[PDB]
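Encoded as structure tokens, the following chain is the form deposited in one PDB entry, with no partner shown.
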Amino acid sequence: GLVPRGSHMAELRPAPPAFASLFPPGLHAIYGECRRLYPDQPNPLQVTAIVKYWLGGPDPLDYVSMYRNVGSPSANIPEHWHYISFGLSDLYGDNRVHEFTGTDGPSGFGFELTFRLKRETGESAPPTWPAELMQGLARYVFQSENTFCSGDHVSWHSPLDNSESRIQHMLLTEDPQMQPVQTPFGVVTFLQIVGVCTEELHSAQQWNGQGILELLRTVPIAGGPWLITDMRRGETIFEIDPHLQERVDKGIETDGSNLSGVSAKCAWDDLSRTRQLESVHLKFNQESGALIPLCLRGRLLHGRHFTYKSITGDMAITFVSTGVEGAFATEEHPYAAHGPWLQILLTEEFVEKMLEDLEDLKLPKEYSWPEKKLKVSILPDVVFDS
């Protein structure tokens, strides 16, 4: 036989910081993860709060580091500014702002904020406005002590850079590069801010945040696997691609809807200390009517409830399934009202039947199921405004 020749490989594929004793261990651990990603930028531009939060200052974030990330146009990831906060987790461990809780569990709130902003031509330095955006979000978190996690939305209702931009709200996702770190003061994760349009915010609310985040990943301009925010983006993902709405629709059906209620134009009528009603008539305008499929397919079909509240007045309709506790409507008396608040119980089988008729979304458009003694009508706006 032949003597072994050895393998020939055809394709070869691609220290503490100075004065380490000066760094508090929580800060040290975040900085270490930053160092791993940016060995070439050991001294990034930073915004720092001179008047400290624990001495009466307004800004909870002690530091925001601002890095340049070359990205990978080879993978459709554009060049961008990468922002990382210091102060939401326990940096110092000495009870000045967070309670010291040991190595187990979250350090402070358990995360820092990050952000990725698409670089414009002629930008030789990271804009500083995102630091103040981050301060505002952190203020929100410090006031309520409500913790954010991956998939949450933030209704912000203002252009993020105070321009005229359409990016007006935020979702939160895991940073695509930054790994969680264990510190003497607890575990720290990295939550990335993703800018969105109102319509995209509305969709996360109707379906779930993880679902919209995953759609944003498939649209580079929105966009991209690393979820970079472009403040100049003029179109929604649904304007760029009409086929995405269908994924949202299917998602709501499969996962369920995170929307439990809406304020809208609507009314209910009786057709004959809660009262039980033999017959009932439900009235919606076009917009509130368009949510009925979401109500039925994304809520009742998942054992949940959904409330329509009247924009003007005390009137309300809550749909309930056989799964909920504490309802005053039951299978035997499925229409019941406490004052102007109607509850309506529908079984799985009957909502399936209603859905056969209920598409979409010439008024008045009236639906009827005489055996159930139920009518639903879509009416012109004038009915509800007067």
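Note that residue numbering begins at 1 and tracks the sequence as displayed.
Another form, the form deposited in another entry, is not on view; read the next lines as being about it.
Undergrad: Select the option from 251, 167, 83, 69 that falls at the hinge between the two rigid parts moving between the shown form and the other one.
TA: Among 251, 167, 83, 69, only 251 lies at a hinge between the shown form and the other one.
Undergrad: Kindly indicate if, in the other form, the C-alpha atoms of residue 294 and residue 153 are closer or farther apart than in the structure shown, bearing in mind the change is 3 Å or more.
TA: Closer is correct, given that in the other form the C-alpha spacing of residue 294 to residue 153 is reduced by at least 3 Å.
Undergrad: Do residue 264 and residue 241 have their C-alpha atoms closer or farther apart in the other form than here, with the shift being 3 angstroms or more?
TA: Farther apart, which means the C-alphas of residue 264 and residue 241 are at least 3 Å more distant in the other form.
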